Structures are given as structure tokens and as C-alpha cells.
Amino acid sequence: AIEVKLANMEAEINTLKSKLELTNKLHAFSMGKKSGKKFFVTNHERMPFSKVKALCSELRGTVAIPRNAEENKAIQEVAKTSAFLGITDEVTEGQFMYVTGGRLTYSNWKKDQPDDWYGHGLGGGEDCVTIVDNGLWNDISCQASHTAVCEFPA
């Protein structure tokens, strides 16, 4: 009895894992994941950078990071408003790095940006980055509230 039960239990668990993986694939598909491409998702909520980071982390994702034109376009299309990207220069002013470590290899800065502007009155300059409506980038205060767009691997 005991051993047959344990073997059935291993089989129940495995079937459950298989079904959940299928559920996850279907969910990604319905959320717009393109074959073999990393995908972006948003709840359309605006919040400070630290919150987006915390939120996406809780989802086992990361704050969206465009690595090329295609991805930048994908994020632009998903967000549809100013959205934080996983890029900051908090560690060393002027040096933008991915939250996932490493210096920028692809950029799409709007003209005259980044400018580490202080005029926002929120304190400090601008150490975070957002993708604005047309896909161009702007450095903004990490304390300002923008759309949360999380990224999941290909």
C-alpha cells in the first residue's frame, strides 16, 4: 500500500507540474508573448521605481529593459504611456546601468536627455529612466510615478 501510494503521488505531482507548465504557456500566449521572444506585461498602474522593482520581483520578472529596436517597440506598445525601464545611474551619476547589472549597450534617448534635472523639486536629480509615448527615453526622478511594465524571459 504505502509504496504504491507514494508512486501514485509522484505521478499526481508530475501531472500537476505538467498541467501548470501548460497553464503558464497558455497565459503567456494570451498576454501577447511572441514565439521565442521575451514578453512584457503591465497592470497599467503608475508608481515610484522602487515599487515597480518590488512588484516585478514578486512576479519573478524584472522591470522592462529594451535591448534593441524590436523590444523597445514591444515595451512601447505594451505600456502606452510613460513607463519605467530597468536602467538607472544611481550607482555612479551619468553611468546608466541595467538593474540586472552592466552598462547600457543600446540606448534610445530623446534629444537633450539624459539631463539629471533638478527642477522637479522632488529632491535630487534624475537617476531613473522612462520610455515615453514615442519610444524615446527620458531620465526622471526614481521617486516620480510611472507605469509598471514587467519583463519575463523568452
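Residue positions are given as counts along the sequence shown, with the first one as 1.
Visitor: Of the two stretches 16-24 and 128-136, which shows the higher Cα B-factor on average in the entry?
Guide: Between 128-136 and 16-24, it is 128-136 that shows the higher mean C-alpha B-factor.
Visitor: With reference to the PDB entry, specify whether the mean Cα temperature factor is higher for 118-126 or for 65-73.
Guide: It is 118-126 that shows the higher mean C-alpha B-factor.
Visitor: Going by the entry, which of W109, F96, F29, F40 has the most elevated CA B factor?
Guide: Of the options given, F96 has the highest CA B-factor in the PDB entry.
Visitor: Check where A1 lands among this chain's C-alpha B-factors and tell me if it's the lowest, middle or highest third.
Guide: Top third by C-alpha B-factor.
Visitor: Against its chain's modelled residues, does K33's Cα B factor rank lowest, middle or highest third?
Guide: As the PDB entry reports it, the C-alpha B-factor of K33 lands in the lowest third of its chain.
Visitor: Hey, what third does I87 fall into on Cα B-factor, ranked over its chain?
Guide: Its C-alpha B-factor belongs to the lowest third of this chain's values.
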